[PDB]
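Below you will find one chain, with nothing else, as structure tokens; this is the form solved without the DNA, and questions on how it binds or moves follow later.
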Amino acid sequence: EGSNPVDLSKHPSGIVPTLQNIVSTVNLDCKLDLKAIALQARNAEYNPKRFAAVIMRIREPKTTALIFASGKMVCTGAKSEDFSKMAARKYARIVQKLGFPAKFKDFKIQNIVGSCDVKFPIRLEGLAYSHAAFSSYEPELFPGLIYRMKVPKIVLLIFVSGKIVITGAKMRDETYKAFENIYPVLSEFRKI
């Protein structure tokens, strides 16, 4: 039974990108007294002159939650969508247990960041000259090439070293498809 470690149907390049951060939001559906939550929770920080939300942190899943007065909560740091949702539930429950009537409505993934290393140098200048409508490479202003992909709606950061950052996905597979879509062109521009 030679099942394959990597499914080349899903990853023709034979390379699987790593998910580095998933950010999600959920509506707690209630106004929140930020000074009280900050006072009452051990795991909270709240400096409204620096950021208008209470900062809460947990170790499992190792993440950070930004809880706004409106009741909106942003959860960041998770490595999978299941873990982003699991952590969001855990922060929302902490809030209920403090005595606020927190709900868990319209939870949604807002952004997934993935990285990948093809491990060969890339001629970004040539790549950009050949794909002018989608790329920006301006070494004196920022390092790496910015590539705006249409389908899926992703923005990639391609560095001269072969390291790539894939941002903007709403689900794991989009991050994978974005990479596969760009792979043949990275390859076409391998620094000989």
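The first residue of the shown sequence is 1; numbering continues from there. Only residues modelled in both forms are compared. C-alpha atoms forming the largest set that superposes within 1.5 Å between two forms make up the rigid core.
The protein also exists as the form deposited with the DNA bound; that form is not presented, and the subsequent description refers to it.
Annotated contacts: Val23, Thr64 and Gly168 all touch the DNA in the bound PDB entry [non-hydrogen atom within 4.5 angstroms]. By the criterion of a heavy atom within 4.5 Å, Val113 is counted among the residues contacting the DNA in the bound PDB entry. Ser161 belongs to the set of residues with a heavy atom inside 4.5 Å of the DNA in the bound PDB entry.
In the bound PDB entry, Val74 approaches the DNA with a heavy atom inside 4.5 Å. Not displayed here, the DNA is approached by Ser70 to within 4.5 Å at the level of heavy atoms in the bound PDB entry. Residue-level contacts in the bound PDB entry: of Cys30, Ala52, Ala36, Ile58, one residue has a heavy atom within 4.5 Å of the DNA, and it is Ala52. Applying a 4.5 Å heavy atom cutoff to the DNA in the bound PDB entry picks out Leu141, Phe142, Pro143, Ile146, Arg148 from 121-151, in order along the sequence.
In sequence order, there is one run of three or more residues whose C-alphas all shift by 2 angstroms or more between the shown form and the other one, with the rigid core superposed, and it is 49-51.
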